[PDB]
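Residue numbers (PDB author numbering), protein chains in the order written: chain E, 1 to 219; chain A, 1 to 57, 62 to 85, 103 to 354, 358 to 757; chain C, 2 to 125; chain B, 2 to 298.
By construction, the Cβ of each residue, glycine as well, lies at the ideal position given by its N, Cα and C atoms.
Data block below; observations after.
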Amino acid sequence: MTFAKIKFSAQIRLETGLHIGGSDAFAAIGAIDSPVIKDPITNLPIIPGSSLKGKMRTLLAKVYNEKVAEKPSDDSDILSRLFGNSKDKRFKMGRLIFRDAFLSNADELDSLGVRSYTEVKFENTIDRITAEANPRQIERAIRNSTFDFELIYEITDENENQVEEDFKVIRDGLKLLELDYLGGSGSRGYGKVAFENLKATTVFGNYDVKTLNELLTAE
Amino acid sequence: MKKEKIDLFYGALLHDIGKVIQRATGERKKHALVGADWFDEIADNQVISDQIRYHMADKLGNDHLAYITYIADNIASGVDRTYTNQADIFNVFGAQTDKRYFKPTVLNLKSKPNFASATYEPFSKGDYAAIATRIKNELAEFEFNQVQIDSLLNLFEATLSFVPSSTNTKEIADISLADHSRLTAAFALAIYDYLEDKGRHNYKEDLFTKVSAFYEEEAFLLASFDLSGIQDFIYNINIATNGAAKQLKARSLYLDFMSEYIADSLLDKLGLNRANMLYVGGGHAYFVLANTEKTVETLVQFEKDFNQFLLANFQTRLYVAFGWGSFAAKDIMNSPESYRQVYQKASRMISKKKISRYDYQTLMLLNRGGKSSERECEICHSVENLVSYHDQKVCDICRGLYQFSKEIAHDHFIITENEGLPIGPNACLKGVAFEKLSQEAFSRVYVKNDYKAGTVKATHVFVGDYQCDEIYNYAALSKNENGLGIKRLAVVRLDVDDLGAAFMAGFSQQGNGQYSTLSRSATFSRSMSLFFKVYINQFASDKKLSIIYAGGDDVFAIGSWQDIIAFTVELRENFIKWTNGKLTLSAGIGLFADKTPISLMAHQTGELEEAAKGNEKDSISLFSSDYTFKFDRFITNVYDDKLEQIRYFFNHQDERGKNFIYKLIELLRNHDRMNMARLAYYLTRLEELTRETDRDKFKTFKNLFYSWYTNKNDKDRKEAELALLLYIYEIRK
Amino acid sequence: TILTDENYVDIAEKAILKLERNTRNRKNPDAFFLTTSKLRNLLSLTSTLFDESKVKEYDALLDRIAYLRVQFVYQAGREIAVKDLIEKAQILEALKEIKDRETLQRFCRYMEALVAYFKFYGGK
Amino acid sequence: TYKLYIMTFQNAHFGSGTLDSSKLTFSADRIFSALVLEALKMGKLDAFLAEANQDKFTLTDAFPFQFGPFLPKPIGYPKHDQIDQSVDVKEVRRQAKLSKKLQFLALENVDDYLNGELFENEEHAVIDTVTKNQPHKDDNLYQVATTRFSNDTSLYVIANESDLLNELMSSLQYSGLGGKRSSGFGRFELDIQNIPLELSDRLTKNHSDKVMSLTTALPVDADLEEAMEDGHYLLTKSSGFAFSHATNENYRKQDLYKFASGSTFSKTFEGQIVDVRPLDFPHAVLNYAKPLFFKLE
Ligand SMILES: [Mn+2]
Ligand SMILES: [Zn+2]
């Protein structure tokens with residue numbers, strides 16, 4: 001079947017504070033201990049596509065890998081076809097293209113009279129024998145920040161059956177992110193996330209999205 | 001060289017040596033005879049003693069080499085055809118200010134800079150005894166022949182670098198005798214070769230009877246070469262291992278020796294020696310040599326042969342472009361155009377060569393394809409002559425440099441035919457321990473950072489290379505014994521400001537360009553060599569860091585962060601004093617987590633340095649382009665005012681108060697009217713939490729801060745942000 | 002008219018400067034009659050108002066702006082230095098002029114400013 | 002020679018040899034490679050290679066586009082007779098370094114620049130590396146450098162418009178360029194735009210006076226000697242691993258040295274599309290190096 005490109009678009013809402021975290025020297029500056037990854041020009045928090053891809057992939061390995069794999073080259077053909085496999089001639093690039101997600105509602109918040117788009121969260125640790133506290137500050141992007149989300153699916157050598165299964169995998173992926181967190185200190189309440197206004201659109205070629213859109217709005 | 005030529009050299013270097021013996025002796029006898037007689041005491045060479053005796057010119065007759073040495077003596081200084106110590110070069114450099122002078126000393130590796138003072142003008146015989154004996158001693162049992170030459174130079178470099186050419190004259194007061202004699206020899210041989218080529222043997226006619234006619238005659242080439250690709254070659258390491266660090270220091274020293282070996286192999290394919298070579302730089306060099314057809318053909322062919330060698334070994338990574346210009350005595354005090365425009369002909373020949381690099385055939389061959397290579401060298405991405413080394417894959421160059429990193433802590437390096445790292449056409453470079461010298465056969469031997477002449481009669485080179493621990497430990501060493509301090513390691517890159525402008529026209533302002541000579545500029549070059557290749561190591565002492573590249577052009581040092589900032593500051597303030605305020609540095613200082621690769625740090629810290637040059641060029645940039653300050657006020661204001669105040673108050677405060685630093689930071693980044701209110705609120709809140717011992721001092725401080733934050737001029741709050749930062753990094757566990 | 006974006010903090014500062022100070026204290030400098038403890042329950046309400054101006058819409062919080070005014074006069078009734086503050090700083094007028102979330106948030110910030118400069122220039 | 006294809010990115014990675022390097026612009030070969038690869042999955046490879054071997058076919062290095070097109074600094078210019086003012090040395094050398102630092106002129110300024118007027122760079126982007134990790138060892142920790150575009154700076158390319166090309170570029174704008182495209186970088190929004198006369202007037206592929214190349218290009222073995230002798234150029238090295246589904250293993254394609262845009266020559270040359278495949282590889286591996294020029298005076 002013919003070549004086409006479908007764009008999965010949504011707005012990622014932060015349900016709890018998100019921390020991904022600064023490496024870029026600009027964003028590494030120690031004015032706070034544990035900074036968050038930020039877009040250098042706007043100094044706003046950014047959700048790197050690499051984060052989304054990585055997390056969604058390792059989540060989906062728990063479902064779709066028959067055998068648990070040591071290295072990502074050992075992932076199932078169903079994951080490799082979507083995320084890519086560097087050691088397999090067929091899948092050297094997956095069928096998915098992630099995009100860095102950027103803060104959408106900065107203006108909404110500026111209007112509401114929000115000041116910073118990050119909170120500084122104070123935590124501590126209690127020694128189990130001495131009971132003394134060692135305190136800790138770490139940045140989060142504030143909850144109810146929203147980020148414009150875009151993911152591209154390419155239809156090339158798939159049989160319509162195959163694109164259907166791929167769509168199943170993508171919907172499982174997004175739901176699994178919703179029932180997990182975006183990499184942070186997740187166990188301790190950080191990375192909760194929601195996809196709002198989740199929508200598919202054919203941006204190239206012809207494919208018909210009606211039934212997919214239904215299936216996305218219901219899962 | 002021919003015997004006649006060897007004798008000329010020694011004559012020219014050794015004339016006006018009487019001045020030293022006689023300054024120590026104080027005899028009422030003229031120096032020509034003091035010198036000449038003393039030379040006769042220690043060796044039998046009539047031609048040599050003759051050039052010492054009659055350098056004065062004294063119509064004894066003959067067409068003696070004396071007649072050469074005489075005219076070269078005159079050209080080697082700005083002057084044409103009661104007592105004071107040597108003058109600072111920076112006296113007549115730039116604006117007129119105080120005049121400073123140099124106490125005469127012998128050069129020691131371990132030593133602080135031999136600063137000029139305004140109170141060393143008066144000449145004293147005392148200072149010379151130390152020197153004259155050390156001279157006479159070392160020349161006592163000394164064969165004056167070809168192979169001895171590069172040792173005598175070093176002797177003159179060691180003892181006479183701060184002895185002035187003339188005790189009573191204001192014109193060349195500041196030109197060291199070492200440089201004057203060196204330059205004299207350069208012109209002596211250059212001249213000799215010119216007349217050899219054009220058949221002229223009546224020296225007494227040409228250089229004496231026609232003296233002023235010859236000064237117009239274009240007998241000289243100023244020649245130069247530039248070795249392109251050095252920084253990108255040294256700092257492009259794509260490995261983050263312990264092992265890969267070895268390659269940095271290695272690569273550095275390698276190419277330093279490449280620029281040297283180019284210099285030496287060139288000077289002896291011609292008939293000359295290192296006295297003909299003005300400077301060896303950041304892969305730059307400038308020579309004075311005869312203007313003949315032989316010499317030009319030897320330059321052209323040499324260059325061809327070298328780029329052949331470079332093509333074979335490094336592909337397009339290293340290239341060397343030569344260039345020359347022709348002149349006659351136009352370095353004697358249109359003088360504006362003339363002195364600048366002799367250097368401009370080579371400069372321009374080199375730029376043209378650098379901008380159209382190869383020929384049809386060598387491009388044809390570079391693009392010949394033909395490989396199918398699955399793997400590449402992990403270090404440099406070369407696919408050329410790969411090897412397995414330590415279960416990784418590297419080129420034979422990178423392998424070679426791994427070997428070199430093992431030979432690197434020796435003093436001596438030899439030039440083998442095939443033993444070691446390729447350094448040139450049928451040459452290689454091998455560091456070897458002293459004992460083993462006898463067991464190897466070698467073209468040439470260098471000794472690194474030794475002023476003492478040795479048994480093995482070696483050419484002396486000077487690299488600044490301080491090392492303390494290894495790069496991969498520097499970041500961890502930044503944490504205190506009490507576990508205090510951010511775990512980062514830093515880089516510094518720093519540069520003299522408008523150095524080009526200084527070398528060419530810094531002596532033009534005072535007088536009106538009468539002080540712009542070649543000699544003056546030579547002496548300038550030595551000042552900066554000395555500062556950057558000898559004295560630099562002392563500024564590094566006792567600090568956890570390594571100086572990887574060092575020169576007036578470029579200084580690169582990596583270490584633990586507090587020590588790198590200390591090193592930069594110590595280096596600069598020494599540099600301002602050394603230069604008497606007439607020249608500045610800019611620097612930038614990078615801050616990175618352990619294991620970031622070399623390429624990355626070098627690149628990002630280079631950007632920071634350019635931001636620093638981005639001010640009016642007197643600045644320093646630390647950790648972000650935003651934190652960029654005139655060096656002067658970073659030192660005076662950030663480092664040892666604001667930061668000392670901050671340190672003092674917060675070393676007293678507990679966790680709860682130390683937290684306010686974060687608020688202060690924020691408020692500094694968000695400077696606006698209302699946040700002045702908030703600033704005041706949390707300032708008085710802090711004052712509240714502060715102990716009553718510091719309550720008075722803190723009152724003063726609090727109101728001072730709000731002063732900085734309220735100034736319509738943003739300078740003080742910028743310095744504030746950066747000092748609070750320094751402090752936080754300084755305490756972090 | 003009274004409260005402008007350029008205006009408020011400079012006004013707040015001026016008010017804290019013009020405020021009634023205890024000149025009858027030989028021992029004390031300019032020392033304020035006013036004391037943070039007197040304002041606490043008041044500016045707690047201001048802050049709850051600002052905090053809710055984000056999560057709710059203007060009309061929904063009319064009740065709150067009512068109870069603010071009341072408390073203000075009540076405290077100005079019960080404490081002399083309070084009445085002095087809300088006099089010199091035109092506070093009650095400033096409430097009257099709030100039609101708008103923009104205006105409201107500006108008033109909350111105005112209180113913040115007043116208090117900051119109060120503590121700064123000698124406080125509770 | 003027809004239209005400005007203006008790609009506008011927010012995030013891109015154009016590696017200059019390492020994943021922790023990145024560039025403002027990319028060259029003709031990169032987007033040609035990318036076009037080839039898009040044609041191949043669309044079905045239409047054979048047809049695209051058809052178009053590419055037409056003399057009419059035109060591709061240029063990407064350049065900054067900021068409220069109008071930019072061009073490369075003409076290498077070799079200004080000449081000595083236009084550059085030597087009477088000012089002191091410190092100034093001459095500051096502005097000489099300012100002239101070396103310069104990358105791209107706006108079109109408006111190119112004739113000025115040649116006639117001796119000074120210009121400095123503008124901020125078209127900020128590049129920074131970020132470190133990412135894989136949570137399975139301390140043995141995966143790496144840095145990727147991204148070019149982040151600022152000041153309404155797009156990149157553009159001059160190409161000869163055709164129905165097929167237009168289709169391939171529209172598709173590419175969801176595939177991304179350079180980059181770790183899978184992982185977030187490279188996507189763009191395309192705008193095909195008429196080419197200002199002020200520029201199109203000065204484009205040729207044959208011309209026997211002085212020209213600056215707009216494409217990183219390699220002359221045909223026959224034209225090479227001439228373009229190097231009377232030329233002024235910087236040689237750049239094209240290198241990398243051939244992307245392909247042919248084989249699991251990765252082979253370095255053949256290193257190729259080309260003349261950079263805009264090197265300048267006394268006259269136009271014919272260029273090549275080079276096959277740089279590893280020796281005995283299943284399929285051709287194409288490096289596009291065919292110049293479009295800009296005339297001088
Ligand atoms: Mn004399
Ligand atoms: Zn290598």
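(message) Tell me which residues of the segment 100 to 113 of chain E have at least one Cβ-Cβ distance to chain C shorter than 7 angstroms, keeping chain order.
(response) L112, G113
(request) Give a yes or no on whether the C-beta atoms belonging to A209 (chain A) and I79 (chain A) are separated by under 7 angstroms. (result) Residue numbering aside, residue 209 (chain A) sits at position 188 when the second sequence is read from its first letter. Residue numbering aside, residue 79 (chain A) sits at position 75 when the second sequence is read from its first letter. Not in contact: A209 (chain A) and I79 (chain A) (Cβ atoms no closer than 7 angstroms).
(message) Please identify the residue among B:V275, B:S184, B:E230, B:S176 whose C-alpha is closest to the C-alpha of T217 (chain B).
(response) Here residue 217 (chain B) corresponds to residue number 216 of the fourth sequence, with the count starting at 1. Here the closest residue by C-alpha is B:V275.
(request) Quick one: using the 10 Å Cβ neighbour count with 16 as the cut-off for buried, is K601 (chain A) buried or exposed? (result) On the second sequence, residue 601 (chain A) is found 577 positions in, with the first residue counted as 1. So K601 (chain A) counts as exposed.
(request) Anything in chain E within Cβ reach of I510 (chain A), meaning under 9 angstroms, just list it in chain order. (result) Counting from 1 along the second sequence, the entry for residue 510 (chain A) is found at position 486. Going along chain E in sequence order, the residues near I510 (chain A) (Cβ under 9 angstroms) are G30.
(request) Identify, in the order they occur along the chain, each residue of the same chain with its Cβ nearer than 8 angstroms to the Cβ of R253 (chain B), setting aside the five sequence neighbours on each side. (result) As a first step, residue 253 (chain B) must be located in the fourth sequence, where it is residue number 252. Closer than 8 angstroms at the Cβ level, and outside the excluded window around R253 (chain B), lie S240, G241, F242, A243, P279.
(request) Alpha carbon to alpha carbon, how far is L523 (chain A) from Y705 (chain A)? Give it in angstroms, no decimals. (result) Residue 705 (chain A) sits at position 681 when you count from the first residue of the second sequence. Residue 523 (chain A) sits at position 499 when you count from the first residue of the second sequence. Taking the straight line joining both Cα atoms gives about 50 angstroms.
(request) Assign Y104 (chain A) to buried or exposed, taking buried as 16 or more other Cβ atoms, counted over all protein chains shown, within 10 Å of its Cβ. (result) Within the second sequence, the letter at position 83 stands for residue 104 (chain A). Label assigned to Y104 (chain A): exposed.
(message) I need the DSSP call for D67 (chain A), collapsed to helix, strand or coil.
(response) Against the second sequence, residue 67 (chain A) aligns to sequence position 63. Residue state, collapsed to three classes: coil.
(message) What are the residues in the segment 655 to 684 of chain A lying within 9 angstroms of chain E by C-beta distance?
(response) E679, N683
(message) Tell me the DSSP secondary structure of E164 (chain A) in three-state form.
(response) For this step, residue 164 (chain A) is matched to residue 143 along the second sequence. Here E164 (chain A) sits in coil by DSSP.
(message) Does the beta-carbon of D113 (chain B), which I'm using as the reference point, lie nearer than 6 angstroms to any heavy atom of ligand 1?
(response) Locating residue 113 (chain B) in the fourth sequence gives position 112, where the first residue counts as 1. Because no heavy atom of ligand 1 lies under 6 angstroms away, the Cβ of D113 (chain B) does not count as near it: no.
(message) I'd like to confirm the pairing. Which residues does DSSP put opposite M93 (chain E) in its beta bridges?
(response) For the purposes of this step, residue 93 (chain E) is identified with residue 93 of the first sequence, where counting begins at 1. None; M93 (chain E) has no bridge partner.
(message) Against chain B, which members of the segment 150 to 164 of chain E pass a CB distance test of less than 7 angstroms?
(response) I152, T156
(message) Please report the distance separating the alpha-carbon of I29 (chain E) from that of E324 (chain A).
(response) On the first sequence, position 29 is the one that residue 29 (chain E) refers to. On the second sequence, position 303 is the one that residue 324 (chain A) refers to. Cα to Cα, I29 (chain E) sits roughly 48 angstroms from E324 (chain A).
(request) Can you check DSSP and say which residues form a bridge with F241 (chain A)? (result) Locating residue 241 (chain A) in the second sequence gives position 220, where the first residue counts as 1. BP columns for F241 (chain A) point to A:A311, A:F348.
(request) Identify each residue in the segment 151 to 183 of chain B for which the Cβ-Cβ distance to at least one residue of chain A is less than 8 angstroms, and report them in chain order. (result) none
(message) Here's the rule I'm using: 16 or more other beta-carbon atoms within 10 Å means buried, otherwise exposed. How should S264 (chain B) be labelled?
(response) For this step, residue 264 (chain B) is matched to residue 263 along the fourth sequence. Looking at its Cβ environment, which holds 16 or more other Cβ atoms inside 10 Å, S264 (chain B) is buried.
(request) Mind listing the chain E neighbours of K100 (chain C)? Cutoff is C-beta to C-beta under 8 angstroms, in chain order. (result) Residue numbering aside, residue 100 (chain C) sits at position 99 when the third sequence is read from its first letter. The contacting residues do not exist; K100 (chain C) stays about 16 angstroms from chain E at best.
(message) Any beta carbon from chain A within less than 7 angstroms of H125 (chain B)'s own beta carbon?
(response) Taking the fourth sequence and counting its residues from 1, one reaches residue 125 (chain B) at position 124. Not an interface residue.
(request) Measuring alpha carbon to alpha carbon, tell me which of B:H208, B:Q174, B:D281 ends up nearest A13 (chain B). (result) Position 12 of the fourth sequence, counted from the start, is the residue given in the question as residue 13 (chain B). The shortest Cα separation from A13 (chain B) among B:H208, B:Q174, B:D281 belongs to B:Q174.
(request) Taking 8 angstroms as the threshold, find out whether the segment 72 to 87 of chain E comes into contact with the segment 180 to 197 of chain E through three or more Cβ pairs. (result) no
(request) Report all residues for which the CB-ligand distance to some heavy atom of ligand 2 is below 7 angstroms; order them along the chain. (result) A:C401, A:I403, A:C404, A:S406, A:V418, A:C419, A:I421, A:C422
(request) Pair every Cβ in the segment 371 to 391 of chain A with every Cβ in the segment 269 to 278 of chain A, then say whether three or more of these pairs are closer than 8 angstroms. (result) no
(message) Against chain C, with Cβ distances strictly below 7 angstroms, would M698 (chain A) count as a contact?
(response) Position 674 of the second sequence, counted from the first residue, corresponds to residue 698 (chain A). True, the Cβ-Cβ gap to chain C drops below 7 angstroms.
(request) Between the Cα of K378 (chain A) and those of A:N735, A:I659, A:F246, A:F428, spot the shortest distance and give me the residue it belongs to. (result) By one-based count along the second sequence, residue 378 (chain A) stands at place 354. Selected option, being the one with the closest Cα: A:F246.
(request) Use the C-beta contact count for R115 (chain E): other C-beta atoms within 10 angstroms, 16 or more gives buried, fewer gives exposed. (result) Taking the first sequence and counting its residues from 1, one reaches residue 115 (chain E) at position 115. Classification for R115 (chain E): exposed.
(message) Between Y157 (chain B) and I7 (chain B), how many whole angstroms is the CB-CB distance? I'm expecting something under 8 angstroms.
(response) As a working note, residue 157 (chain B) is residue 156 in the fourth sequence. As a working note, residue 7 (chain B) is residue 6 in the fourth sequence. 4 angstroms between Cβ atoms; contact.
(message) With a threshold of 7 angstroms between beta carbons, is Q83 (chain B) in contact with chain A?
(response) Here the question's residue 83 (chain B) lines up with position 82 in the fourth sequence. False, the Cβ-Cβ gap to chain A never drops below 7 angstroms.
(request) Given a cut-off of 7 angstroms, decide if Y153 (chain E) and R95 (chain E) are closer than it, judged by their beta-carbon atoms. (result) One-based indexing of the first sequence puts residue 95 (chain E) at position 95. One-based indexing of the first sequence puts residue 153 (chain E) at position 153. Cβ atoms of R95 (chain E) and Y153 (chain E): closer than 7 angstroms.
(request) Using the DSSP secondary-structure output, state which residues sit across from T140 (chain A) in a beta bridge. (result) On the second sequence, position 119 is the one that residue 140 (chain A) refers to. Beta-bridge pairing links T140 (chain A) to no other residue.
(request) Taking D40 (chain A) as the reference, give the member of A:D696, A:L160, A:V113 with the closest Cα. (result) Mapped onto the second sequence, residue 40 (chain A) falls at position 40. For the residues A:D696, A:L160, A:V113, the minimum Cα distance to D40 (chain A) belongs to A:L160.
(request) State the CB to CB distance for the pair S467 (chain A) and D521 (chain A), rounded to an integer number of angstroms; the pair is presumed to be in contact (CB under 8 angstroms). (result) For the purposes of this step, residue 467 (chain A) is identified with residue 443 of the second sequence, where counting begins at 1. For the purposes of this step, residue 521 (chain A) is identified with residue 497 of the second sequence, where counting begins at 1. No, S467 (chain A) and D521 (chain A) are not in contact; Cβ-Cβ is about 39 angstroms, not under 8 angstroms.
(request) For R338 (chain A), write down the residues that DSSP places opposite it in a beta bridge. (result) Counting from 1 along the second sequence, the entry for residue 338 (chain A) is found at position 317. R338 (chain A) is not bridged to any residue.
(message) How far does the alpha helix (DSSP H) with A97 (chain B) in it extend, from its first residue to its last?
(response) As a first step, residue 97 (chain B) must be located in the fourth sequence, where it is residue number 96. Run containing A97 (chain B): 90 to 101, per the alpha helix (DSSP H) assignment.
(request) Using the Cα positions of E162 (chain A) and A153 (chain A), report the straight-line distance between them to the nearest angstrom. (result) Here residue 162 (chain A) refers to the residue found at position 141 of the second sequence. Here residue 153 (chain A) refers to the residue found at position 132 of the second sequence. Going from the Cα of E162 (chain A) to the Cα of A153 (chain A) covers about 15 angstroms.
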